Amino acid sequence: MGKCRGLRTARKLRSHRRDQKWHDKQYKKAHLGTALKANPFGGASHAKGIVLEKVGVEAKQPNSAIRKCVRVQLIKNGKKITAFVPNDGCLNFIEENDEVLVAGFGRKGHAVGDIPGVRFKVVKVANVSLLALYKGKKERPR
Amino acid sequence: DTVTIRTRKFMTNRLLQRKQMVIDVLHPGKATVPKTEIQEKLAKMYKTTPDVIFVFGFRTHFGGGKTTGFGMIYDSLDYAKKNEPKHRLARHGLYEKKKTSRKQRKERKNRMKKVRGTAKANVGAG
Amino acid sequence: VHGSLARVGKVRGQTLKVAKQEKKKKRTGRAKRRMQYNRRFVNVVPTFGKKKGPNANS
Amino acid sequence: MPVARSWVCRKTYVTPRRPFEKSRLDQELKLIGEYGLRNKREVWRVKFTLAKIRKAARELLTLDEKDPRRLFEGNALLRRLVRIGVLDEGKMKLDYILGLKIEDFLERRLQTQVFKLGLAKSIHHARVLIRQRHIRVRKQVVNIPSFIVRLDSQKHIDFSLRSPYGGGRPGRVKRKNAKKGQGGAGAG
RNA sequence: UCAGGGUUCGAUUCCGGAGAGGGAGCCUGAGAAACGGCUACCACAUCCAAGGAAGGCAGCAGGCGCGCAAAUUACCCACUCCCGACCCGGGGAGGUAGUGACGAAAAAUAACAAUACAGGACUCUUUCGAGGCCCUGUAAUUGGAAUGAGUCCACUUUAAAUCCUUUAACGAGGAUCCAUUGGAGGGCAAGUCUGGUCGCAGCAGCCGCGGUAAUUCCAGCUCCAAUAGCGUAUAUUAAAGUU
C-alpha cells in the first residue's frame, strides 16, 4: 500500500521495478538463458532427426486409447525426443532409421490433451509431407 | 492522312550548333508512327533537308491516339557528327560499332601482363 | 474383434467407398456475392419467431 | 550493395477484430449488394480513408480558433472534400466533417455514376462496360471502376469513339455472323 | 505495436568505428602500421627431377561444409559518377536482363433479353375469380450482342534486346478458356440429414466426443467464412489495472 511519491524519488522507483520483474515466471526464463540451454531445439521452430523406435502410449483417464508415437534422435545435438503421428493409419508411412522433420505441439513446450509427456509432432517423412501422403497427392520414392 | 505533328517547349542552342524541342504526334486508329515519317514531316516544317534531323524517345499513352518524343536539328552534318553520341549516328549508317566481346578484351590484357618488351605475339594473334 | 488391438488404419480401411455425385460449376467473385445478396435480403418468406437457419434438415 | 531503387509503400485497409459478429456480417453484405462490389477488402478500403479524415479533423479541433496551423490545414481539408462532391459548399466547417458516412464516398465511384447517369441498365452492367474499354472521361479512355469523379469532371462521362456503341467498328461476333451468313449461299 | 502513459527491436542500402586465417614487425609516400604491398613465427595446404618454388573470395559469379533457413561461373560503360599525361583510355563501382507466393498497389472468372412457373403492391368483386406492375430463382432448354487470356505480323522501346503502351489477322455456350484453403456441440458464422465403426480406429489449443439408434471419428450430399489466396510451428506487441 505505501508507495513513495516525492519529486526526487526516481532512483527508488526505477530500481525497485527492476528488482521485482524477476518474480514474473515468463520474464525470468526469457532472460536467465537456462531455459535456452535446456530446450532440445536451440531456439528453432523445427528440427530434423532420425527414427529409432515406434511405440504406443496409453491415454490418461477418463478416456481409453493407444496413441501412436515415435522415438527420434536429433541431428544437430544427438539428443533424444518422442513425437506424435497425426491422422488415421499414418504410422504405416514412417518405417525405421530414416529422417523426419518435427515441430512443436502448439503450447510452447507443455504437453497437449490426453497424451502423457509428449511435447512434439511429426510433419515431414523422407522429404514428403504427411498431408500429401494421406490425401494421395504423392508417395514415398522407392 | 489524319497523322498530325506539333512542337512544344522549343529552344535554339548556339553552344551545340542545334535547335531542340519536344514533339507531339496525333494518330487516331493507327499503330505508332515510324521515325522516318516523323523526320521528313519536321524537314517540311523547318524547310531543311531531313539529313541533319535526329528524333528519339517516343512513348504512347493508354487508350492510344497520342504520343510524345524529343528531337534536334543541327546547323550542318559536320557539326552533327561531332556533337551527337555515337549510337544515334549508327541508327542510320554514319558510324560502325566494334565487334569484339568484353571477355576477349579482359583476357588479352591479363596475358600481356606476363611478358616484357615487344609483346605483340600476345596481341595480333594471341 | 478381428485381428489384434492397436492395429493402425482400421476404420479408414473398413469404410465403404463412394464416388462424387456433383456435375455443375459454381459462380466466382462478384457473381457469388450478387447471388448471396439476392437469396438473403430481396425475396424472403416469413415464419413464427423460432426462425430457421440456412441448412435445416428436419 | 547501394542501388538507385526506393522502398516506400503502405497498406490501404485494416481487418476487423471480431471475425464472426452477426451484426457486422449482414451490414457489409448489404453495402456489397447495393454498390456491386467484388469482396470484403473493397469495403474495408473505404472505411480506412474515412477513419484517417476524421482522425485529422479531431486533432485540428483541439487547437485555438485562428491558430495559424488550424487556419492553413483546415482550409485545405475542407477544399479537398468539396472538390470530389462529398461535402456541400454551403456548409464548409470542420464540425460537419464528423457527420460524414461511408455511403457518401461509395456514391462518387465511376461505376455508380455510369449506372445513375443512364449509360447502363444495372450496377452490375456498369462495371462490365467500364472494364471492357467502352467508356471515356473527358478525352481519356478509363478502365478502372473505383476511379473517383471530381465535381467539374462530372459532366464529361461518355462512350469511347472506337467502340461498337459510340460510333466505331462492329465487334468480332457481328462481323463473323454476317460473313458466314453470306457464305450460306456458297463460296464463303 | 500503441486511448493517454508505455513495451520490444535495430547484422542490413545514409553517417561514425573496426578487420582482411591468428599474433607481431616494416618499406614507400602528403596520407598506410596497407594485406588485389613485403618479412618472420603459429594453423592449414599446392607443385617437384626431393635440390627447390609458390599462397590468403568477410569483391562479383560459382563450389564444399553447416543447418529449419537464402538466386546466374549472363550482357554493357548508353545513364550516374570516379581515376590518369587525357574532349579520345579504364571501371563485376554502377546500370540491364534471369531466378523470386519476403512483402506492397490495381484487378477477370458473366452481362442482357424472351418464355413457363414463383413473391408482393394495386384495381374490379361480399367471398370465389380475373386484370395487373416491379423484383427472385431454376429446368426440359431458347436468342443475339460485348470482351481479354492465348496465338502472331509491324511500329515504338534500348548500348542491343525483352516487358509495358499502340495496331492489322485468328480466338467462348458452359458437359469449358472447369478457384482454392479450412470448417458445420460450445467459445464462434454454418446440419437435433443418410451410410460405416463400436472406449477400437481416431478427434480434441480449452471444456469435451467414441462402450451397437455418434449434432464431434471415416465418407456422400447440403451449408458457412475469407478469396488469388488459406492453414500450421516458433519469437514478439496489444488484450495485461496479470509489473
# chains A, B, ... in the order shown; residues from 1 in each chain; ligands from 1

call {"tool": "interface_residues", "arguments": {"of": "chain C", "to": "chain E", "cutoff": "6 Å", "atoms": "only C-alpha atoms (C1' of nucleotides)", "output": "ChimeraX atom specification"}}
result
/C:10-12,15,43,55,57

call {"tool": "write_last_selection", "arguments": {"atoms": "C-alpha atoms", "output": "PDB file, in the first residue's frame"}}
result
ATOM      1  CA  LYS C  10      -8.538 -49.871 -39.108  1.00  0.00           C
ATOM      2  CA  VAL C  11     -11.596 -47.620 -39.740  1.00  0.00           C
ATOM      3  CA  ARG C  12     -10.322 -45.832 -42.923  1.00  0.00           C
ATOM      4  CA  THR C  15     -15.106 -47.828 -44.703  1.00  0.00           C
ATOM      5  CA  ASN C  43     -37.331 -12.099 -51.749  1.00  0.00           C
ATOM      6  CA  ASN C  55     -29.215 -25.712 -43.658  1.00  0.00           C
ATOM      7  CA  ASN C  57     -32.776 -30.779 -42.472  1.00  0.00           C
TER       8      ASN C  57
END

call {"tool": "residues_around", "arguments": {"residues": "residue 100 (chain A)", "least_positions_apart": "6", "cutoff": "8 Å", "atoms": "only C-alpha atoms (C1' of nucleotides)", "output": "PDB file with N, CA and C atoms, in the first residue's frame"}}
result
ATOM      1  N   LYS A  48      15.341 -31.559 -37.590  1.00  0.00           N
ATOM      2  CA  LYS A  48      15.452 -32.895 -38.208  1.00  0.00           C
ATOM      3  C   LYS A  48      16.072 -33.906 -37.256  1.00  0.00           C
ATOM      4  N   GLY A  49      15.587 -35.135 -37.317  1.00  0.00           N
ATOM      5  CA  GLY A  49      16.091 -36.262 -36.543  1.00  0.00           C
ATOM      6  C   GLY A  49      15.838 -37.593 -37.230  1.00  0.00           C
ATOM      7  N   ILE A  50      16.418 -38.650 -36.686  1.00  0.00           N
ATOM      8  CA  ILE A  50      16.338 -39.999 -37.233  1.00  0.00           C
ATOM      9  C   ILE A  50      15.553 -40.930 -36.318  1.00  0.00           C
ATOM     10  N   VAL A  51      14.589 -41.633 -36.914  1.00  0.00           N
ATOM     11  CA  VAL A  51      13.648 -42.515 -36.218  1.00  0.00           C
ATOM     12  C   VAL A  51      14.358 -43.723 -35.635  1.00  0.00           C
ATOM     13  N   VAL A 122       5.347 -35.110 -35.624  1.00  0.00           N
ATOM     14  CA  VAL A 122       5.947 -35.295 -36.961  1.00  0.00           C
ATOM     15  C   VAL A 122       5.201 -34.475 -38.023  1.00  0.00           C
ATOM     16  N   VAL A 123       5.912 -33.823 -38.959  1.00  0.00           N
ATOM     17  CA  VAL A 123       5.281 -33.069 -40.073  1.00  0.00           C
ATOM     18  C   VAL A 123       5.761 -33.458 -41.477  1.00  0.00           C
ATOM     19  N   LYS A 124       6.950 -34.052 -41.633  1.00  0.00           N
ATOM     20  CA  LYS A 124       7.525 -34.465 -42.929  1.00  0.00           C
ATOM     21  C   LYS A 124       8.288 -35.784 -42.763  1.00  0.00           C
ATOM     22  N   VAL A 125       8.172 -36.714 -43.711  1.00  0.00           N
ATOM     23  CA  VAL A 125       8.824 -38.040 -43.711  1.00  0.00           C
ATOM     24  C   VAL A 125       9.641 -38.200 -44.988  1.00  0.00           C
ATOM     25  N   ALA A 126      10.950 -38.446 -44.898  1.00  0.00           N
ATOM     26  CA  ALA A 126      11.817 -38.656 -46.064  1.00  0.00           C
ATOM     27  C   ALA A 126      11.664 -37.585 -47.177  1.00  0.00           C
ATOM     28  N   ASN A 127      11.533 -36.311 -46.789  1.00  0.00           N
ATOM     29  CA  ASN A 127      11.261 -35.151 -47.656  1.00  0.00           C
ATOM     30  C   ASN A 127       9.894 -35.120 -48.386  1.00  0.00           C
TER      31      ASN A 127
END

call {"tool": "residues_around", "arguments": {"residues": "region 29-35 of chain C", "least_positions_apart": "6", "cutoff": "7 Å", "atoms": "only C-alpha atoms (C1' of nucleotides)", "output": "mmCIF file with N, CA, C and O atoms, in the first residue's frame"}}
result
data_model
loop_
_atom_site.group_PDB
_atom_site.id
_atom_site.type_symbol
_atom_site.label_atom_id
_atom_site.label_comp_id
_atom_site.auth_asym_id
_atom_site.auth_seq_id
_atom_site.Cartn_x
_atom_site.Cartn_y
_atom_site.Cartn_z
ATOM 1 N N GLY D 33 -23.949 -5.605 -52.030
ATOM 2 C CA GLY D 33 -25.079 -5.830 -52.930
ATOM 3 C C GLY D 33 -25.669 -4.558 -53.536
ATOM 4 O O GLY D 33 -26.019 -4.549 -54.715
ATOM 5 N N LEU D 37 -19.932 -4.508 -55.630
ATOM 6 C CA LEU D 37 -18.511 -4.732 -55.313
ATOM 7 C C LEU D 37 -18.076 -6.205 -55.483
ATOM 8 O O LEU D 37 -18.927 -7.079 -55.637
ATOM 9 N N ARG D 38 -16.770 -6.513 -55.437
ATOM 10 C CA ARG D 38 -16.234 -7.880 -55.619
ATOM 11 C C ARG D 38 -16.031 -8.687 -54.335
ATOM 12 O O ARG D 38 -16.231 -9.897 -54.357
#

call {"tool": "residues_around", "arguments": {"residues": "residue 10 (chain B)", "least_positions_apart": "4", "cutoff": "7 Å", "atoms": "only C-alpha atoms (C1' of nucleotides)", "output": "ChimeraX atom specification"}}
result
/B:20-22

call {"tool": "atom_distance", "arguments": {"atom1": "CA of residue 31 (chain A)", "atom2": "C1' of residue 6 (chain E)"}}
result
20.2 Å

call {"tool": "closest_residue", "arguments": {"among": "B:81, B:113, B:44, B:61", "to": "chain D", "atoms": "only C-alpha atoms"}}
result
B:61

call {"tool": "closest_residue", "arguments": {"among": "B:115, B:54, B:66, B:102", "to": "residue 90 (chain B)", "atoms": "only C-alpha atoms"}}
result
B:54

call {"tool": "interface_residues", "arguments": {"of": "chain D", "to": "chain B", "cutoff": "9 Å", "atoms": "only C-alpha atoms", "output": "ChimeraX atom specification"}}
result
/D:133,140-142,162

call {"tool": "interface_residues", "arguments": {"of": "chain B", "to": "chain E", "cutoff": "7 Å", "atoms": "only C-alpha atoms (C1' of nucleotides)", "output": "PyMOL selection string"}}
result
chain B and resi 30-34+58-62+64

call {"tool": "write_last_selection", "arguments": {"atoms": "N, CA, C and O atoms", "output": "short mmCIF file (atom, residue, chain, number, x, y, z; two decimals), in the first residue's frame"}}
result
data_model
loop_
_atom_site.label_atom_id
_atom_site.label_comp_id
_atom_site.auth_asym_id
_atom_site.auth_seq_id
_atom_site.Cartn_x
_atom_site.Cartn_y
_atom_site.Cartn_z
N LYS B 30 -4.49 4.09 -85.65
CA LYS B 30 -3.26 3.52 -86.25
C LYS B 30 -2.26 3.07 -85.19
O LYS B 30 -2.33 3.50 -84.04
N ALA B 31 -1.32 2.20 -85.56
CA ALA B 31 -0.15 1.86 -84.74
C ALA B 31 0.78 3.08 -84.55
O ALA B 31 0.56 4.13 -85.14
N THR B 32 1.84 2.95 -83.74
CA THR B 32 2.83 4.04 -83.57
C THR B 32 3.46 4.43 -84.91
O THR B 32 3.62 3.60 -85.80
N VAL B 33 3.76 5.72 -85.10
CA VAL B 33 4.30 6.25 -86.36
C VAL B 33 5.81 5.97 -86.47
O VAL B 33 6.53 6.19 -85.50
N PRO B 34 6.34 5.48 -87.61
CA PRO B 34 7.78 5.28 -87.79
C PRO B 34 8.58 6.59 -87.68
O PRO B 34 8.15 7.63 -88.16
N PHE B 58 10.09 8.15 -78.19
CA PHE B 58 8.63 8.22 -78.37
C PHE B 58 7.89 7.18 -77.52
O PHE B 58 8.20 5.99 -77.60
N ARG B 59 6.89 7.59 -76.74
CA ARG B 59 6.05 6.69 -75.92
C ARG B 59 4.56 7.02 -76.07
O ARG B 59 4.20 8.19 -76.20
N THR B 60 3.68 6.02 -76.13
CA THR B 60 2.25 6.16 -76.49
C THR B 60 1.36 6.02 -75.26
O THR B 60 1.53 5.08 -74.49
N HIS B 61 0.40 6.94 -75.07
CA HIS B 61 -0.48 6.96 -73.89
C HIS B 61 -1.58 5.88 -73.93
O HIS B 61 -2.00 5.46 -75.00
N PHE B 62 -2.07 5.45 -72.76
CA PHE B 62 -3.12 4.44 -72.65
C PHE B 62 -4.42 4.87 -73.35
O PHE B 62 -4.86 6.01 -73.20
N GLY B 64 -4.50 5.10 -76.63
CA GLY B 64 -3.95 5.42 -77.94
C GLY B 64 -4.21 6.84 -78.42
O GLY B 64 -4.54 7.75 -77.65
#

call {"tool": "interface_residues", "arguments": {"of": "chain A", "to": "chain E", "cutoff": "9 Å", "atoms": "only C-alpha atoms (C1' of nucleotides)", "output": "list in words"}}
result
residues 17, 20, 21, 24, 43, 44, 45, 46, 47, 48, 63, 64, 65, 76, 87, 88, 89, 101, 103, 104, 105, 106, 107, 108, 112 and 113 of chain A

call {"tool": "write_last_selection", "arguments": {"atoms": "N, CA and C atoms", "output": "compact mmCIF listing (two decimals), in the first residue's frame"}}
result
# COMPACT_ATOMS: atom_id res chain seq x y z
N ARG A 17 11.29 -1.51 -9.40
CA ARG A 17 10.66 -2.19 -10.55
C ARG A 17 11.61 -3.21 -11.18
N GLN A 20 11.80 -6.29 -8.96
CA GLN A 20 10.54 -7.04 -8.88
C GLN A 20 10.13 -7.76 -10.17
N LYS A 21 10.60 -7.34 -11.35
CA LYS A 21 10.40 -8.06 -12.62
C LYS A 21 10.86 -9.52 -12.56
N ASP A 24 8.19 -12.47 -12.04
CA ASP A 24 7.33 -12.92 -13.14
C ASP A 24 7.92 -14.17 -13.84
N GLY A 43 16.37 -22.93 -29.80
CA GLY A 43 15.59 -21.74 -30.18
C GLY A 43 14.96 -21.77 -31.58
N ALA A 44 15.04 -22.89 -32.31
CA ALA A 44 14.41 -23.06 -33.62
C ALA A 44 12.90 -23.37 -33.52
N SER A 45 12.17 -23.16 -34.62
CA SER A 45 10.75 -23.56 -34.74
C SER A 45 10.54 -25.04 -35.12
N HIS A 46 11.54 -25.69 -35.71
CA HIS A 46 11.54 -27.06 -36.25
C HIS A 46 12.92 -27.71 -36.11
N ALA A 47 13.03 -29.03 -36.23
CA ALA A 47 14.31 -29.75 -36.26
C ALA A 47 14.22 -31.07 -37.05
N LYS A 48 15.34 -31.56 -37.59
CA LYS A 48 15.45 -32.90 -38.21
C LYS A 48 16.07 -33.91 -37.26
N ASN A 63 -10.72 -41.21 -20.49
CA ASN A 63 -10.89 -41.82 -21.81
C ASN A 63 -9.93 -43.02 -22.06
N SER A 64 -10.10 -43.79 -23.15
CA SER A 64 -9.33 -45.03 -23.41
C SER A 64 -8.91 -45.18 -24.88
N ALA A 65 -7.60 -45.28 -25.13
CA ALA A 65 -6.98 -45.43 -26.45
C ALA A 65 -5.49 -45.81 -26.32
N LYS A 76 21.56 -32.32 -34.96
CA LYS A 76 22.48 -31.24 -34.55
C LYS A 76 23.00 -31.30 -33.11
N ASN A 87 -3.33 -38.21 -37.60
CA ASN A 87 -4.25 -38.87 -38.53
C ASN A 87 -4.28 -40.42 -38.52
N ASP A 88 -5.37 -40.99 -39.04
CA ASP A 88 -5.69 -42.43 -39.05
C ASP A 88 -4.78 -43.22 -40.00
N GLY A 89 -3.98 -44.15 -39.48
CA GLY A 89 -3.11 -45.01 -40.29
C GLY A 89 -1.76 -44.43 -40.73
N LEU A 101 11.10 -34.54 -40.16
CA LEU A 101 11.06 -33.16 -39.66
C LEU A 101 10.00 -33.11 -38.56
N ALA A 103 8.05 -30.71 -35.28
CA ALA A 103 7.56 -29.39 -34.92
C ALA A 103 6.95 -29.40 -33.51
N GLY A 104 6.70 -28.22 -32.93
CA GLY A 104 6.01 -28.11 -31.64
C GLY A 104 4.53 -28.50 -31.70
N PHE A 105 3.96 -28.89 -30.56
CA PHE A 105 2.59 -29.41 -30.48
C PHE A 105 1.54 -28.31 -30.24
N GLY A 106 1.95 -27.05 -30.07
CA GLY A 106 1.06 -25.88 -30.06
C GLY A 106 0.95 -25.12 -28.73
N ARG A 107 1.66 -25.56 -27.67
CA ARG A 107 1.60 -24.98 -26.31
C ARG A 107 2.97 -24.60 -25.72
N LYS A 108 3.93 -24.23 -26.57
CA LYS A 108 5.20 -23.60 -26.16
C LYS A 108 6.00 -24.40 -25.12
N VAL A 112 -0.05 -31.69 -24.56
CA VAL A 112 -1.38 -31.38 -25.14
C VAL A 112 -2.34 -32.57 -25.00
N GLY A 113 -3.55 -32.33 -24.51
CA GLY A 113 -4.61 -33.34 -24.42
C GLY A 113 -4.30 -34.55 -23.53

call {"tool": "closest_atom_pairs", "arguments": {"of": "chain A", "to": "chain C", "cutoff": "12 Å", "atoms": "only C-alpha atoms", "output": "JSON lines"}}
result
{"residue": "A:55", "atom": "CA", "partner": "C:6", "partner_atom": "CA", "distance": 10.4}
{"residue": "A:56", "atom": "CA", "partner": "C:6", "partner_atom": "CA", "distance": 7.8}
{"residue": "A:57", "atom": "CA", "partner": "C:6", "partner_atom": "CA", "distance": 10.3}
{"residue": "A:58", "atom": "CA", "partner": "C:6", "partner_atom": "CA", "distance": 10.6}
{"residue": "A:64", "atom": "CA", "partner": "C:6", "partner_atom": "CA", "distance": 11.9}
{"residue": "A:65", "atom": "CA", "partner": "C:6", "partner_atom": "CA", "distance": 8.6}
{"residue": "A:66", "atom": "CA", "partner": "C:6", "partner_atom": "CA", "distance": 6.5}
{"residue": "A:67", "atom": "CA", "partner": "C:6", "partner_atom": "CA", "distance": 8.8}
{"residue": "A:68", "atom": "CA", "partner": "C:8", "partner_atom": "CA", "distance": 8.3}
{"residue": "A:69", "atom": "CA", "partner": "C:8", "partner_atom": "CA", "distance": 11.5}
{"residue": "A:85", "atom": "CA", "partner": "C:8", "partner_atom": "CA", "distance": 11.2}
{"residue": "A:86", "atom": "CA", "partner": "C:8", "partner_atom": "CA", "distance": 11.7}
{"residue": "A:87", "atom": "CA", "partner": "C:9", "partner_atom": "CA", "distance": 8.9}
{"residue": "A:88", "atom": "CA", "partner": "C:9", "partner_atom": "CA", "distance": 5.3}
{"residue": "A:89", "atom": "CA", "partner": "C:9", "partner_atom": "CA", "distance": 3.5}
{"residue": "A:90", "atom": "CA", "partner": "C:9", "partner_atom": "CA", "distance": 7.4}
{"residue": "A:91", "atom": "CA", "partner": "C:8", "partner_atom": "CA", "distance": 7.0}
{"residue": "A:92", "atom": "CA", "partner": "C:8", "partner_atom": "CA", "distance": 7.5}
{"residue": "A:93", "atom": "CA", "partner": "C:9", "partner_atom": "CA", "distance": 11.0}
{"residue": "A:134", "atom": "CA", "partner": "C:12", "partner_atom": "CA", "distance": 10.9}

call {"tool": "select_by_dssp", "arguments": {"residues": "region 63-100 of chain D", "states": "alpha helix (DSSP H)", "output": "VMD selection string"}}
result
chain D and resid 68 to 83

call {"tool": "atom_distance", "arguments": {"atom1": "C1' of residue 56 (chain E)", "atom2": "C1' of residue 29 (chain E)"}}
result
25.9 Å

call {"tool": "interface_residues", "arguments": {"of": "chain D", "to": "chain C", "cutoff": "9 Å", "atoms": "only C-alpha atoms", "output": "PyMOL selection string"}}
result
chain D and resi 26+29-30+32-34+36-39+124

call {"tool": "write_last_selection", "arguments": {"atoms": "N, CA and C atoms", "output": "short mmCIF file (atom, residue, chain, number, x, y, z; two decimals), in the first residue's frame"}}
result
data_model
loop_
_atom_site.label_atom_id
_atom_site.label_comp_id
_atom_site.auth_asym_id
_atom_site.auth_seq_id
_atom_site.Cartn_x
_atom_site.Cartn_y
_atom_site.Cartn_z
N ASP D 26 -23.92 -8.96 -42.03
CA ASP D 26 -25.01 -8.61 -42.95
C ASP D 26 -25.02 -7.13 -43.36
N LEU D 29 -22.49 -7.05 -46.24
CA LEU D 29 -23.09 -7.66 -47.43
C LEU D 29 -24.13 -6.75 -48.11
N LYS D 30 -24.89 -5.98 -47.33
CA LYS D 30 -25.84 -5.00 -47.87
C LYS D 30 -25.15 -3.87 -48.64
N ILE D 32 -22.11 -4.36 -50.19
CA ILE D 32 -21.64 -5.06 -51.40
C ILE D 32 -22.75 -5.18 -52.44
N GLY D 33 -23.95 -5.60 -52.03
CA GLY D 33 -25.08 -5.83 -52.93
C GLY D 33 -25.67 -4.56 -53.54
N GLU D 34 -25.74 -3.47 -52.78
CA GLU D 34 -26.26 -2.18 -53.27
C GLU D 34 -25.31 -1.44 -54.21
N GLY D 36 -22.47 -3.12 -55.89
CA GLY D 36 -21.96 -4.02 -56.92
C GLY D 36 -20.46 -4.31 -56.84
N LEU D 37 -19.93 -4.51 -55.63
CA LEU D 37 -18.51 -4.73 -55.31
C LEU D 37 -18.08 -6.20 -55.48
N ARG D 38 -16.77 -6.51 -55.44
CA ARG D 38 -16.23 -7.88 -55.62
C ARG D 38 -16.03 -8.69 -54.34
N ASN D 39 -15.61 -8.07 -53.23
CA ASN D 39 -15.20 -8.76 -52.00
C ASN D 39 -15.27 -7.84 -50.77
N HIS D 124 -24.38 -3.84 -61.94
CA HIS D 124 -23.59 -4.98 -62.42
C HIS D 124 -23.23 -4.88 -63.90
#

call {"tool": "closest_residue", "arguments": {"among": "B:27, B:47, B:69, B:95", "to": "residue 7 (chain B)", "atoms": "only C-alpha atoms"}}
result
B:69

call {"tool": "residues_around", "arguments": {"residues": "residue 86 (chain D)", "least_positions_apart": "3", "cutoff": "7 Å", "atoms": "only C-alpha atoms (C1' of nucleotides)", "output": "MDAnalysis selection string"}}
result
chainID D and resid 81:82 104:105

call {"tool": "select_by_dssp", "arguments": {"residues": "region 1-184 of chain D", "states": "strand (DSSP E or B)", "output": "list in words"}}
result
residues 109, 135, 136, 137, 140, 141, 148, 157, 158 and 159 of chain D

call {"tool": "write_last_selection", "arguments": {"atoms": "N, CA, C and O atoms", "output": "short mmCIF file (atom, residue, chain, number, x, y, z; two decimals), in the first residue's frame"}}
result
data_model
loop_
_atom_site.label_atom_id
_atom_site.label_comp_id
_atom_site.auth_asym_id
_atom_site.auth_seq_id
_atom_site.Cartn_x
_atom_site.Cartn_y
_atom_site.Cartn_z
N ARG D 109 -17.86 6.87 -56.99
CA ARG D 109 -17.19 5.92 -57.90
C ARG D 109 -17.73 6.03 -59.32
O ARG D 109 -18.93 6.15 -59.52
N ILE D 135 -15.95 3.10 -72.19
CA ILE D 135 -16.29 4.40 -71.55
C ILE D 135 -15.08 5.35 -71.42
O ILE D 135 -13.93 4.93 -71.36
N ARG D 136 -15.36 6.65 -71.45
CA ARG D 136 -14.43 7.77 -71.64
C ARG D 136 -14.73 8.89 -70.63
O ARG D 136 -15.89 9.22 -70.42
N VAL D 137 -13.70 9.48 -70.03
CA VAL D 137 -13.82 10.66 -69.14
C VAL D 137 -13.03 11.82 -69.75
O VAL D 137 -11.81 11.73 -69.92
N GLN D 140 -10.02 10.97 -72.28
CA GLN D 140 -9.26 9.77 -71.91
C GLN D 140 -10.16 8.54 -71.77
O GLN D 140 -11.15 8.56 -71.04
N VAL D 141 -9.82 7.42 -72.42
CA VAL D 141 -10.42 6.11 -72.13
C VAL D 141 -9.96 5.64 -70.74
O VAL D 141 -8.76 5.58 -70.49
N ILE D 148 -12.56 7.97 -58.77
CA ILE D 148 -13.45 8.92 -58.07
C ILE D 148 -13.58 10.20 -58.90
O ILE D 148 -12.58 10.84 -59.23
N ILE D 157 -18.51 12.38 -68.77
CA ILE D 157 -18.53 10.91 -68.93
C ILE D 157 -19.29 10.57 -70.23
O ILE D 157 -20.33 11.16 -70.50
N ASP D 158 -18.77 9.64 -71.04
CA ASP D 158 -19.30 9.33 -72.37
C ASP D 158 -18.82 7.95 -72.87
O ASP D 158 -17.93 7.34 -72.28
N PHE D 159 -19.37 7.44 -73.98
CA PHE D 159 -18.78 6.29 -74.68
C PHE D 159 -17.45 6.64 -75.39
O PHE D 159 -17.19 7.79 -75.75
#

call {"tool": "residues_around", "arguments": {"residues": "residue 188 (chain D)", "least_positions_apart": "5", "cutoff": "12 Å", "atoms": "only C-alpha atoms (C1' of nucleotides)", "output": "list in words"}}
result
residues 176, 177, 178, 179, 180, 181, 182 and 183 of chain D

call {"tool": "closest_residue", "arguments": {"among": "E:186, E:113, E:25, E:104", "to": "residue 13 (chain D)", "atoms": "only C-alpha atoms (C1' of nucleotides)"}}
result
E:104

call {"tool": "closest_atom_pairs", "arguments": {"of": "chain D", "to": "chain E", "cutoff": "10 Å", "atoms": "only C-alpha atoms (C1' of nucleotides)", "output": "Markdown table"}}
result
| residue | atom | partner | partner_atom | distance |
| --- | --- | --- | --- | --- |
| D:1 | CA | E:13 | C1' | 6.0 |
| D:2 | CA | E:13 | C1' | 4.5 |
| D:3 | CA | E:13 | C1' | 6.6 |
| D:4 | CA | E:13 | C1' | 9.2 |
| D:5 | CA | E:13 | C1' | 9.2 |
| D:6 | CA | E:13 | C1' | 9.7 |
| D:7 | CA | E:104 | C1' | 9.5 |
| D:8 | CA | E:104 | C1' | 8.9 |
| D:9 | CA | E:104 | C1' | 5.8 |
| D:10 | CA | E:104 | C1' | 6.2 |
| D:11 | CA | E:104 | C1' | 6.7 |
| D:12 | CA | E:105 | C1' | 8.6 |
| D:18 | CA | E:188 | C1' | 9.5 |
| D:19 | CA | E:188 | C1' | 8.3 |
| D:20 | CA | E:189 | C1' | 5.5 |
| D:21 | CA | E:189 | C1' | 8.0 |
| D:22 | CA | E:189 | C1' | 7.4 |
| D:25 | CA | E:189 | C1' | 8.8 |
| D:39 | CA | E:227 | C1' | 7.9 |
| D:40 | CA | E:226 | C1' | 8.5 |
| D:41 | CA | E:226 | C1' | 9.7 |
| D:121 | CA | E:112 | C1' | 9.0 |
| D:122 | CA | E:111 | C1' | 9.9 |
| D:124 | CA | E:111 | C1' | 7.8 |
| D:125 | CA | E:111 | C1' | 6.0 |
| D:126 | CA | E:111 | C1' | 9.5 |
| D:127 | CA | E:111 | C1' | 9.7 |
| D:128 | CA | E:111 | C1' | 7.1 |
| D:129 | CA | E:146 | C1' | 8.7 |
| D:131 | CA | E:147 | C1' | 9.0 |
| D:132 | CA | E:147 | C1' | 5.9 |
| D:133 | CA | E:147 | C1' | 8.8 |
| D:134 | CA | E:146 | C1' | 9.6 |
| D:144 | CA | E:107 | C1' | 8.4 |
| D:145 | CA | E:107 | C1' | 9.7 |
| D:146 | CA | E:106 | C1' | 9.9 |
| D:164 | CA | E:146 | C1' | 8.8 |
| D:165 | CA | E:146 | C1' | 9.9 |
| D:170 | CA | E:146 | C1' | 10.0 |
| D:171 | CA | E:146 | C1' | 7.3 |
| D:172 | CA | E:146 | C1' | 8.9 |
| D:173 | CA | E:145 | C1' | 7.5 |
| D:174 | CA | E:145 | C1' | 7.5 |
